[PDB]
Amino acid sequence: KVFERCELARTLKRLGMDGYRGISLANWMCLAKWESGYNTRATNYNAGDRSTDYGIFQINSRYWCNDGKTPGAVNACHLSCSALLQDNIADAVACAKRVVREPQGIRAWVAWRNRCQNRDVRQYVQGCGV
Ligand SMILES: *[C@@H]1O[C@H](CO)[C@@H](O[C@@H]2O[C@H](CO)[C@H](O)[C@H](O)[C@H]2O)[C@H](O)[C@H]1NC(C)=O
Ligand SMILES: *[C@@H]1O[C@H](CO)[C@@H](O[C@@H]2O[C@H](CO)[C@H](O)[C@H](O)[C@H]2O)[C@H](O)[C@H]1NC(C)=O
């Protein structure tokens with residue numbers, strides 16, 4: 001499913017993402033935009049390490065979810081990676097929250113580092129009423 005920008009912003013606000021561990025909604029929106037284009041079914045396979053990034057937040061099957069085909073998998077979110085391909089993003093959100101409780105926080109996503117960090121991202125939430 002492809003969220004429209006503001007539709008996603010409000011959805012993330014409802015799911016307690018605004019200010020979760022210091023991260024503003026704009027920062028999460030920026031992350032989602034660049035990782036998946038707001039698409040819940042996006043998947044990017046890394047043939048080098050045999051892992052796949054799943055969903056709207058493009059979370060990794062090596063560390064976070066179990067897809068049963070990734071070596072070294074630890075499933076720290078205790079979720080099936082299929083849960084990250086669902087239209088309902090509560091799942092993907094609970095896991096992204098787990099992910100950000102690591103030493104590096106939101107730096108766990110380098111597209112945030114590349115396209116969001118040290119740039120004004122409030123543009124991602126403008127007009128959404130959040
Ligand atoms: C993307 O892959 C990263 C590794 O290349 C990963 O970062 C590692 O995550 C570990 C989680 O147990 C731990 O924090 C390591 O210190 C860290 O290098 C990162 O979490 C992955 N990002 C996503 C969104 O899956
Ligand atoms: C996704 O973001 C990850 C940031 O955590 C990044 O993994 C990092 O890779 C670094 C260099 O190997 C270092 O080991 C960090 O500890 C590790 O977390 C991963 O490469 C990113 N990948 C893409 C495609 O965005």
# chains A, B, ... in the order shown; residues from 1 in each chain; ligands from 1
>>> select_by_dssp(residues="region 62-97 of chain A", states="helix (DSSP H, G or I)", output="list in words")
residues 81, 82, 83, 84, 85, 90, 91, 92, 93, 94, 95, 96 and 97 of chain A
>>> residues_around(residues="residue 117 (chain A)", least_positions_apart="4", cutoff="10 Å", atoms="only C-alpha atoms", output="number ranges by chain")
A: 27, 30-31, 106-107, 110-113, 121
>>> write_last_selection(atoms="N, CA, C and O atoms", output="compact mmCIF listing (two decimals), in the first residue's frame")
# COMPACT_ATOMS: atom_id res chain seq x y z
N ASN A 27 11.21 13.67 11.04
CA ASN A 27 12.36 12.78 10.89
C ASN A 27 11.96 11.34 10.45
O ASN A 27 12.62 10.73 9.60
N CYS A 30 10.61 11.62 6.77
CA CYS A 30 11.76 11.73 5.87
C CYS A 30 12.37 10.34 5.62
O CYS A 30 12.64 9.97 4.48
N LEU A 31 12.53 9.59 6.71
CA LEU A 31 13.09 8.25 6.68
C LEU A 31 12.25 7.33 5.77
O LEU A 31 12.77 6.69 4.86
N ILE A 106 18.31 6.22 15.18
CA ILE A 106 17.82 6.40 13.81
C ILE A 106 18.91 6.29 12.75
O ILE A 106 18.61 6.17 11.57
N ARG A 107 20.18 6.28 13.18
CA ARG A 107 21.34 6.16 12.27
C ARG A 107 21.40 4.73 11.70
O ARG A 107 22.24 4.43 10.86
N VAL A 110 20.75 4.25 6.90
CA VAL A 110 21.56 5.28 6.27
C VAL A 110 20.88 6.16 5.25
O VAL A 110 21.42 7.19 4.89
N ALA A 111 19.67 5.81 4.81
CA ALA A 111 19.02 6.74 3.88
C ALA A 111 18.61 7.98 4.70
O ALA A 111 18.47 9.06 4.15
N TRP A 112 18.42 7.82 6.01
CA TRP A 112 18.08 8.96 6.88
C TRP A 112 19.36 9.80 6.99
O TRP A 112 19.35 11.02 6.86
N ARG A 113 20.47 9.10 7.21
CA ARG A 113 21.76 9.75 7.31
C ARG A 113 22.00 10.54 6.02
O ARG A 113 22.26 11.73 6.08
N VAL A 121 13.83 18.90 7.76
CA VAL A 121 12.85 17.92 7.27
C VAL A 121 11.41 18.23 7.68
O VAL A 121 10.53 17.41 7.45
>>> residues_around(residues="region 70-77 of chain A", least_positions_apart="4", cutoff="9 Å", atoms="only C-alpha atoms", output="PyMOL selection string")
chain A and resi 49-52+61-66+94-96+98-99
>>> write_last_selection(atoms="N, CA and C atoms", output="compact mmCIF listing (two decimals), in the first residue's frame")
# COMPACT_ATOMS: atom_id res chain seq x y z
N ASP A 49 25.01 -10.23 1.65
CA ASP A 49 24.84 -10.85 2.96
C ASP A 49 23.58 -11.71 3.07
N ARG A 50 22.92 -11.89 1.93
CA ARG A 50 21.70 -12.70 1.85
C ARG A 50 20.53 -12.25 2.71
N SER A 51 20.49 -10.97 3.08
CA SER A 51 19.38 -10.48 3.89
C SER A 51 18.48 -9.62 3.04
N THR A 52 17.28 -9.34 3.54
CA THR A 52 16.30 -8.51 2.83
C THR A 52 15.72 -7.46 3.78
N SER A 61 16.14 -8.32 7.88
CA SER A 61 15.86 -9.70 8.31
C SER A 61 17.04 -10.40 8.99
N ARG A 62 18.21 -9.77 8.97
CA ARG A 62 19.38 -10.32 9.62
C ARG A 62 19.30 -10.03 11.11
N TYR A 63 18.88 -8.82 11.47
CA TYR A 63 18.82 -8.44 12.87
C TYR A 63 17.45 -8.43 13.51
N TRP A 64 16.48 -7.86 12.79
CA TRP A 64 15.12 -7.61 13.29
C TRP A 64 13.91 -8.53 13.08
N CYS A 65 13.73 -9.06 11.89
CA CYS A 65 12.58 -9.94 11.66
C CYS A 65 13.04 -11.26 11.08
N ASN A 66 12.23 -12.30 11.21
CA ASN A 66 12.62 -13.59 10.67
C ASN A 66 11.86 -13.97 9.38
N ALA A 94 6.06 -0.91 15.69
CA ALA A 94 6.58 -1.46 16.96
C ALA A 94 8.04 -1.90 16.80
N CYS A 95 8.33 -2.47 15.64
CA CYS A 95 9.68 -2.91 15.33
C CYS A 95 10.64 -1.72 15.09
N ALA A 96 10.21 -0.69 14.35
CA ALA A 96 11.09 0.48 14.11
C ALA A 96 11.45 1.14 15.45
N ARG A 98 11.75 -0.57 18.27
CA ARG A 98 12.73 -1.48 18.86
C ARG A 98 14.11 -1.12 18.30
N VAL A 99 14.17 -1.02 16.98
CA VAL A 99 15.36 -0.67 16.22
C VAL A 99 16.01 0.61 16.79
>>> residues_near_ligand(ligand="ligand 1", cutoff="7 Å", atoms="only C-alpha atoms and all ligand atoms", output="PyMOL selection string")
chain A and resi 53+57-60+63-64+99+102-104+108-109
>>> write_last_selection(atoms="N, CA, C and O atoms", output="PDB file, in the first residue's frame")
ATOM      1  N   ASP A  53      15.524  -6.262   3.239  1.00  0.00           N
ATOM      2  CA  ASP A  53      14.935  -5.158   3.979  1.00  0.00           C
ATOM      3  C   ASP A  53      13.464  -5.143   3.581  1.00  0.00           C
ATOM      4  O   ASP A  53      13.115  -5.222   2.389  1.00  0.00           O
ATOM      5  N   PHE A  57       9.540   0.797   6.403  1.00  0.00           N
ATOM      6  CA  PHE A  57      10.759   1.236   7.077  1.00  0.00           C
ATOM      7  C   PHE A  57      11.994   0.472   6.630  1.00  0.00           C
ATOM      8  O   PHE A  57      13.114   0.759   7.073  1.00  0.00           O
ATOM      9  N   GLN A  58      11.785  -0.476   5.711  1.00  0.00           N
ATOM     10  CA  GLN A  58      12.877  -1.287   5.170  1.00  0.00           C
ATOM     11  C   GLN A  58      13.749  -1.887   6.301  1.00  0.00           C
ATOM     12  O   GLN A  58      14.980  -1.744   6.336  1.00  0.00           O
ATOM     13  N   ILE A  59      13.098  -2.632   7.181  1.00  0.00           N
ATOM     14  CA  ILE A  59      13.792  -3.250   8.301  1.00  0.00           C
ATOM     15  C   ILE A  59      14.442  -4.572   7.874  1.00  0.00           C
ATOM     16  O   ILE A  59      13.859  -5.323   7.090  1.00  0.00           O
ATOM     17  N   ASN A  60      15.649  -4.804   8.401  1.00  0.00           N
ATOM     18  CA  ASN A  60      16.528  -5.943   8.105  1.00  0.00           C
ATOM     19  C   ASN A  60      16.234  -7.299   8.741  1.00  0.00           C
ATOM     20  O   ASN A  60      16.178  -7.429   9.979  1.00  0.00           O
ATOM     21  N   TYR A  63      18.883  -8.824  11.466  1.00  0.00           N
ATOM     22  CA  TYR A  63      18.824  -8.439  12.870  1.00  0.00           C
ATOM     23  C   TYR A  63      17.448  -8.433  13.512  1.00  0.00           C
ATOM     24  O   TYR A  63      17.277  -8.977  14.603  1.00  0.00           O
ATOM     25  N   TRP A  64      16.480  -7.855  12.794  1.00  0.00           N
ATOM     26  CA  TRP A  64      15.116  -7.612  13.292  1.00  0.00           C
ATOM     27  C   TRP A  64      13.914  -8.528  13.083  1.00  0.00           C
ATOM     28  O   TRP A  64      13.119  -8.700  13.997  1.00  0.00           O
ATOM     29  N   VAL A  99      14.168  -1.021  16.978  1.00  0.00           N
ATOM     30  CA  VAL A  99      15.364  -0.668  16.225  1.00  0.00           C
ATOM     31  C   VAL A  99      16.014   0.608  16.787  1.00  0.00           C
ATOM     32  O   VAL A  99      17.223   0.646  16.993  1.00  0.00           O
ATOM     33  N   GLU A 102      18.620   1.064  20.002  1.00  0.00           N
ATOM     34  CA  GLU A 102      19.986   0.590  19.877  1.00  0.00           C
ATOM     35  C   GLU A 102      20.907   1.814  20.057  1.00  0.00           C
ATOM     36  O   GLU A 102      20.465   2.951  19.918  1.00  0.00           O
ATOM     37  N   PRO A 103      22.200   1.598  20.344  1.00  0.00           N
ATOM     38  CA  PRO A 103      23.140   2.715  20.526  1.00  0.00           C
ATOM     39  C   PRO A 103      23.043   3.832  19.466  1.00  0.00           C
ATOM     40  O   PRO A 103      23.004   5.007  19.794  1.00  0.00           O
ATOM     41  N   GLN A 104      22.974   3.447  18.198  1.00  0.00           N
ATOM     42  CA  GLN A 104      22.926   4.415  17.107  1.00  0.00           C
ATOM     43  C   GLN A 104      21.580   5.051  16.768  1.00  0.00           C
ATOM     44  O   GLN A 104      21.511   5.980  15.956  1.00  0.00           O
ATOM     45  N   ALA A 108      20.508   3.871  12.202  1.00  0.00           N
ATOM     46  CA  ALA A 108      20.355   2.490  11.768  1.00  0.00           C
ATOM     47  C   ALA A 108      19.888   2.457  10.304  1.00  0.00           C
ATOM     48  O   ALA A 108      19.986   1.430   9.628  1.00  0.00           O
ATOM     49  N   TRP A 109      19.360   3.582   9.835  1.00  0.00           N
ATOM     50  CA  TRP A 109      18.889   3.713   8.471  1.00  0.00           C
ATOM     51  C   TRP A 109      19.817   4.700   7.740  1.00  0.00           C
ATOM     52  O   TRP A 109      19.687   5.912   7.937  1.00  0.00           O
TER      53      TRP A 109
END
>>> atom_distance(atom1="CA of residue 90 (chain A)", atom2="CA of residue 17 (chain A)")
10.5 Å
>>> select_by_dssp(residues="region 8-110 of chain A", states="strand (DSSP E)", output="list in words")
residues 43, 44, 45, 46, 51, 52, 53, 54, 59 and 60 of chain A
>>> atom_distance(atom1="CA of residue 85 (chain A)", atom2="CA of residue 40 (chain A)")
5.4 Å
>>> residues_around(residues="residue 129 (chain A)", least_positions_apart="2", cutoff="10 Å", atoms="only C-alpha atoms", output="JSON, numbers by chain")
{"A": [6, 9, 10, 125, 126, 127]}
>>> write_last_selection(atoms="N, CA and C atoms", output="PDB file, in the first residue's frame")
ATOM      1  N   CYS A   6       0.688  13.054   4.060  1.00  0.00           N
ATOM      2  CA  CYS A   6      -0.018  13.427   5.275  1.00  0.00           C
ATOM      3  C   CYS A   6      -0.817  12.290   5.921  1.00  0.00           C
ATOM      4  N   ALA A   9       1.725  10.655   7.946  1.00  0.00           N
ATOM      5  CA  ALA A   9       2.057  11.479   9.127  1.00  0.00           C
ATOM      6  C   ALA A   9       1.072  11.322  10.281  1.00  0.00           C
ATOM      7  N   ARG A  10      -0.210  11.363   9.958  1.00  0.00           N
ATOM      8  CA  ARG A  10      -1.232  11.195  10.971  1.00  0.00           C
ATOM      9  C   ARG A  10      -1.239   9.765  11.519  1.00  0.00           C
ATOM     10  N   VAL A 125       6.115  17.173   7.031  1.00  0.00           N
ATOM     11  CA  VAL A 125       4.889  17.220   7.829  1.00  0.00           C
ATOM     12  C   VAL A 125       4.058  18.484   7.616  1.00  0.00           C
ATOM     13  N   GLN A 126       4.517  19.355   6.732  1.00  0.00           N
ATOM     14  CA  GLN A 126       3.779  20.581   6.484  1.00  0.00           C
ATOM     15  C   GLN A 126       2.404  20.296   5.863  1.00  0.00           C
ATOM     16  N   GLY A 127       1.375  20.920   6.425  1.00  0.00           N
ATOM     17  CA  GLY A 127       0.001  20.767   5.955  1.00  0.00           C
ATOM     18  C   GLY A 127      -0.739  19.511   6.376  1.00  0.00           C
TER      19      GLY A 127
END
>>> closest_residue(among="A:47, A:89, A:83, A:128", to="ligand 2", atoms="only C-alpha atoms and all ligand atoms")
A:47
>>> atom_distance(atom1="CA of residue 67 (chain A)", atom2="CA of residue 45 (chain A)")
11.8 Å
>>> closest_residue(among="A:8, A:48, A:92, A:118", to="ligand 2", atoms="only C-alpha atoms and all ligand atoms")
A:48
>>> closest_residue(among="A:23, A:79, A:101, A:114", to="ligand 2", atoms="only C-alpha atoms and all ligand atoms")
A:114
>>> closest_residue(among="A:115, A:13, A:97, A:1", to="ligand 2", atoms="only C-alpha atoms and all ligand atoms")
A:115
>>> closest_residue(among="A:124, A:28, A:54, A:38", to="residue 81 (chain A)", atoms="only C-alpha atoms")
A:54
